[PDB]
Structure formats: C-alpha cells, structure tokens
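Below, in structure tokens: the form deposited in one PDB entry, a single chain.
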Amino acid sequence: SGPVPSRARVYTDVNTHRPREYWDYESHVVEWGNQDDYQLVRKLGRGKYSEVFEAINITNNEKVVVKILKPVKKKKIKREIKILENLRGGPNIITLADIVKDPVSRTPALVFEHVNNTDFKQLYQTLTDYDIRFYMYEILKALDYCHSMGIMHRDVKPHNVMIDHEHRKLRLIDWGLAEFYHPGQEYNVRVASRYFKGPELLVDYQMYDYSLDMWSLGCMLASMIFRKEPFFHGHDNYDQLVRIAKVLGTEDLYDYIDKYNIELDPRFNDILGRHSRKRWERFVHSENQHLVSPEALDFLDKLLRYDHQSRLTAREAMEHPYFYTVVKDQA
C-alpha cells in the first residue's frame, strides 16, 4: 500500500479560506516597472537560477539589489513574484521593490531592498550567545509570518539570511523555492541545499508542510552553537540521511518510516546500518561551550525530529526558554 497522508498541524487551511487569486500563481499577471530606472553598479553573486548585482535606482538615488533570472518556467517566476507580493511588509521578509524586463533579451529581473550584509563565513565566528538567540528569534518572526500566510520557504540556510549587524537588521531572502501549502498536496522533494534537507525529503515523503523549514532552522542553529559547518555533512542525498541517523539514531528513523508507511529506497538498506541516538554533549568543546547551554540543547532537540508533525512550530519555538531574555529586551 501507499504512504499514510499528512496535514500541517497549524495554518492547515489558510489558502483554502483565501480567494483563488492569492495562491493560484499560474494565472498571476506580472506588473512591470521601467528597466531604465536602474543602472547596475557591480556583481554581488550568483546561483543556479540567477546572477545578482548591486544597482542604483536613478529616480531616487537609492541602492538596490537586482536579481537577473537565468531561463526558468514563467510559472516559477510568477510563483516567486506572487509569494513576495503576498508577504510584503511582513516581519524580516525581504521587500520586492520592482520587477523589470530587458526589452531586447526579454530577460526578467527582480529588484530588492538592499541589506548591508556581513558574509556569514566572517560574521558567525564573532556572534555571541545573545546574538545567536537574537537573530534566531528574528528568523522565527519571518517563518511564523510566512507560515501564517500559507507559504513554506523551503530553502532556509545561512546564504538566504541577510544580516546588517551594525543595525541588528535581519531579512530572510531568495523566495525562489517557496511554495503555497495546500492540504493533501504532494510536493517536489528535490528542494533545499543538501545539508539542510529534512528527512521527509531524503526518504521521498512528498506530503510535507511548513515543518520542513523548522528542520532547516535546526541545522542552522546546530552549525552556529557548535561552530561546525555544515552540521550534517553528507557526501550525497543518501549519505545525508546516514549523517543524520548517526546523530538522531536509526530507531526513531525506522519508527518514522513505519508510521507513514514510507517505501524506503533499496539503496538505503545497506548504508543506514544501526546507530544509537547520540547526546548533544559530544559536539561541545572549549571553543564553542560559551554558545552552548541546556536551553540551547533543549530547543535544538525539539527542532531536529524525523517526524515532521512532532517538530516545534515557529510560534512554539518563539515561546521556548532559549528566547526569554530576547523577548524581555524587546518589551
């Protein structure tokens, strides 16, 4: 028989209660700005789906970020656009400022608010215990918001988190992989970066939900408090699950497989083996102990569960003791 169905335990029917237009991005008509309002200054980066530049809007002299898209299905551009427009003004969500097209090449480009970011491979090593709790709380505000709005980010990782440390400003960016949550929908499991893929993606369980972002957030938190990047360092997608199983144990993995009646890929049978669930203490040492506390460990444990239904929601995560001093300081 097939796999047992699953539903998000929070914000389950939020898109159903909305007009069709809210989530039916295939019928979205794109509103285009003037390409001549922007002059590219320099290249900032790239990805599999785009080339990123810094630009100046010459009508108001403001610095912006321009994401020039490589060839991609128009419905995927409509999806990114619709999600960015729906989430606009939301806490710590990047602002989509404009959408332009080159009149000759017909290449579309998305224009974003600029964040004066410090590269994580330089910033993270300077973060104190308080900074990690502070920035994790800022990411949770963005996740609880997009989840409440019926959207899963599906690509939560350090590279998609822009931090202006001087101004303690955080933005969750690159909504190119984000989707609308619909109960009963089967999603593509070939999403997210290897090191941040949830167990549901690695076992090919397609009926996933917002809880996928919570696994990714747990991977991020583990790399920051343990100063071990990446935390789960797989050689490929199969070995990625082996790396998780060597920490969380194989018993809870097979209990998860059995609960949802998942047909496990035969490749896994000879590589998963048998592993006990490890204690978080084995990753604690003299160079990271200042970042690790019993409440950081309790919080991390509640994020990194094989069973997606048993992970903390973003709202539950915000109520965790790990954030008591951040919450107090914000009041």
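Each form is matched to the other, and the largest set of C-alpha atoms that superpose within 1.5 Å is called the rigid core. Residues that one form lacks are left out of the comparison. One-based numbering along the sequence shown.
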Higher avg CA temperature factor (100 to 108 vs 135 to 143, as deposited) belongs to 100 to 108
Once you work out the mean C-alpha B-factor for both 116 to 124 and 187 to 195 from the entry, which is higher? 116 to 124
Entry record, C-alpha B-factors for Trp280, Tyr306, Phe299, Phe53; the maximum is at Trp280
Considering only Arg243, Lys76, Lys157, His165, which residue's Cα atom bears the greatest B-factor as recorded? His165
State the tercile, meaning the lowest, middle or highest third, of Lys228 with respect to the CA B-factors recorded for its chain. highest
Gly234: CA B-factor among chain residues, third -> middle
Is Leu201 in the lowest, middle or highest third of its chain when residues are ranked by C-alpha B-factor? lowest
Third of the chain's Cα B-factor distribution that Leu248 belongs to, per the entry: middle
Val72: CA B-factor among chain residues, third -> highest
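Another form exists, deposited in another entry; not displayed. Remarks below refer to it.
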Using the rigid core as the fixed frame, list which single one of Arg190, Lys74, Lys121, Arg168 shifts its Cα by at least 2 angstroms between the shown form and the other one. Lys121
Provide the ranges, sorted by sequence, of consecutive runs with at least 3 residues in which each Cα shifts 2 Å or more between the shown form and the other one, based on a superposition on the core. 45 to 49, 117 to 122
